[PDB]
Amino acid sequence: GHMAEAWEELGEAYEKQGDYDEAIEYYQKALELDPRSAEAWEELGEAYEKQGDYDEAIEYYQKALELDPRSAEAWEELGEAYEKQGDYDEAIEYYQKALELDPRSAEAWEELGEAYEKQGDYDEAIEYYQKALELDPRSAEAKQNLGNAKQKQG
């Protein structure tokens, strides 16, 4: 409830200032009060991810997902963490689920593209960056990747 969400918001304010020790303390208080808050687990996970600790991040992202598995964002956040560890096949699995739940997520399409590009699958990567650009034609990321993919193939 409200007290928990307020501790969470304090965590978010400290996290966003590089005060990770503090942020985590306040996320932990939020979760003591409401251990069922998927968003508070996610943000705790993000605090670790921002510091490059993917293993801790992943533990908390798993908890967030298990509490709200209908959230495309919860699947995406895990995919992103796997992609950063070089676990591309698992990244792909998570992103595929995210795209089943929220198929208009330009960011999830682009992320899927990057996973395939990292495996040397330029044909697929091109499809996904094209899809991301159709959903958000302003992504410079998707446009650059599309170009790099195209050179790396054609």
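All residue numbers refer to positions in the sequence shown, first residue = 1.
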Looking only at C-alpha temperature factors in the entry, 27 to 35 or 60 to 68, the higher average sits in 27 to 35
Tell me which stretch has the larger mean Cα B-factor in this entry, 135 to 143 or 5 to 13. 135 to 143
The residue of 100, 93, 110, 121 with the maximal C-alpha B-factor according to the PDB record is 121
Residue 125 - which third its CA temperature factor falls in, relative to the rest of the chain: highest
Place residue 55 in the lowest, middle or highest third of its chain's C-alpha B-factors, as listed in the PDB entry. highest
